[PDB]
Each structure stands twice: as structure tokens, then as C-alpha cells.
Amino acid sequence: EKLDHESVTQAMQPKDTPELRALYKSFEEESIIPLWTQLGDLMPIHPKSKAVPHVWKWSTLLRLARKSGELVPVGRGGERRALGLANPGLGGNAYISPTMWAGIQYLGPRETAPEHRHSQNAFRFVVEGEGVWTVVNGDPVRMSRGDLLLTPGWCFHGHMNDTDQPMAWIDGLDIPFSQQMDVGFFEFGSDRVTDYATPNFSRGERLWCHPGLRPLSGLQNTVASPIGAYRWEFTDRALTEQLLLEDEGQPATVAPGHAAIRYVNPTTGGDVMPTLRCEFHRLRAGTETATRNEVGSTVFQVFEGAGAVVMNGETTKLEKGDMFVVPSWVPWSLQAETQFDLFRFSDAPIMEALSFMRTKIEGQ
């Protein structure tokens, strides 16, 4: 039980003879690899990701995105002026974790990013800015500060800046999962967006964003949320109410001074998309979360306030827009200096769907 791969007796060490070396040589020629030389690496005691905890500064991401807006035109082929966060441990792949892409995207004055679709699921999140509409299956969706915008797999999407000012946001996708697992399909759509209109609220929201109500034309459940925009207003109100209810001595917050919501598919009560979980957390000044180990990877973006993250015992100070990744089973906690708002995403739906999820919480 307490034994690990370092301390266990190694009882399968063959005698090193010419017959043994010839056996190993013939394994190579036959595309055979023995378990007994490999076991501890293939099957660790607990997860040990090649990805490392890492933090990217928003100020740095903005500088690089802005310079890219100056030097690189957006359009067909390359599709998006998007910069992926590449984990230092992941071999030069544009993967923030083994399952997820997280990237900054920049659309300059009056630019269009052309329409396409792909089996890969996607969302947009906005720490700051306005001006862009993303048109999802023909339905123009305004992008504003604090909004989560969804683009489920196989939905046509294109983006356009309707103003004379640049805008930046983050993209999350299951690109790394999808590449390694061979589930990717892609289709080019129109070179412009199919609708340039700029309504305040999308058709999706107009049908689906009334609490506890479901259109009779929408009684079929969906694999992904039909809500195209989870607007900041509602997120802000939800979190405030939780802290207000806590004041009044009423259950609501997930832990003391820790308000939090999960963005959900309203047809099921489940996650927004099959591979991706999105959450939003608001911590009271002075709140320190209990340290968690969780299977699978998570990424946060600081939306507002000041604080720190601790990963593997290491404290990193965080500011507005900063992004960090916690790989599988890395102990993590957040510490709020001011009231501390963060946007969160993860691959937890994959882990939970396949019964791989485990959680260790300090004090429990």
C-alpha cells in the first residue's frame, strides 16, 4: 500500500546475456514493447503530468497580441489571430494542458474573421473590451466585458469588429484532446460573416435566457447549451446574492466567503459542452481556499481584484487578466487580497463522464 515505483522490489530483471539482447532486438523489429521495462512510467502511483503549473501575465499577452495586430493580417487559411498558451512541459505543442487550448485572440478595427466549423468545442471569455460580434450559426452574438460566449462543436462561427477600436478576448477549446484522440473534423464556411447586424442580444438568449422557462419549440434536450451568451449582468448578480445570503446566515456559498457558479446547459442542468466545464468564482477579501488535488486540468483567468494562487506550495501574485493552469492532481489554492473574481474552465466533464474523477480537499 505504501510502496511506490522507487521503493518496490524489481523482480523482473533478466540476466543480461546475448540471448536476452537478441530477444530485445527482435521486440524492436516486431513493434513490440515489454511492460516490465516500462511499468512505473505507464502506470504511476498518482497522476504526474508532463504539463507544469504556469502563469502568464495579461500585460505580456496584450503586448504580444497588439504587436500581432500590427504585423499579421487576419483571414482565411490561418483563420484567427489567436495566440495559444503553450505549456513548457508539453514538448512544443500549442497545448496549455493535455486536454485544452487557452489562447488570447485579437481583432482590430473593422476586421472580419471568416466563418468555419469544427468538431472541437469552443468558448470565448472577455476580461475587457467591446465592439466584436461573433456570429454563431447565423445568429449575431455581442461580445462584452465579463461575458462567456459559447461555440459548441460543429456550429458555424465567424467574428467581426463593428467599431474603430481593437478588441481582445480569450478562447478555450478541446483542441489538444481532439488532436491526440483523433476526433477532429473541420469545414470552411463563408469568407465574411453571414450577418453583419449588431443586435444587443442574440436569438438564442431571447429564447433561452428566462430563468426556469423553456420554449415548447425546444423540448428536445441538447448535447451542448443553446445559450450563446452568458452575460456579465447575471453572473455578477448571482455571485452578489450568494454573498448576501451568506451575510443573512443562509446556505448559498460553496465555502466561507467563496461564492461560485457553474455555467450550465439549460436543457439538462449539466455542463455547457461535453468536454469543457466553465465556472466563475468570487472570493471575499482575505478568503483562502482549502487546498485541492483534482484529476484533470483547469485554467483560470483573473477577471478582477488582486490575489495569489498557490500551486505545489508556490505562491504567485496575480493581477487582472492573468492566466494560470493547474495540471492534473497538482495541489492548488487561491488567496484573495481584495475581493477576487476569476473565470474558470476545465476538462472535468471528460474525467467525470469516464469515472476517472478524484478530489482531495485539505481538512476533509
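The numbering used is simple: start at 1 and walk along the sequence shown.
- Higher average CA B factor: 36 to 44, of the stretches 36 to 44 and 329 to 337.
- In this entry, the higher average B-factor at the C-alpha atoms falls on 219 to 227, of the pair 219 to 227 and 259 to 267.
- Sorting 153, 274, 140, 98 by the CA temperature factor given in the entry leaves 140 at the top.
- Reading the B-factor column for the CA atoms of 212, 176, 129, 89 in the entry, the top value corresponds to 129.
- Among the modelled residues of the chain, residue 344 sits in the lowest third by CA temperature factor in this PDB entry.
- Placement of the Cα temperature factor of residue 195 within the chain: highest third of the modelled residues, per the deposited record.
- When all modelled residues of the chain are sorted by CA temperature factor, residue 110 is found within the highest third.
- The deposited CA B-factor of residue 168 belongs to the highest third of values across its chain.
- Split the chain's modelled residues into thirds by C-alpha temperature factor. Residue 121 is in the lowest one.
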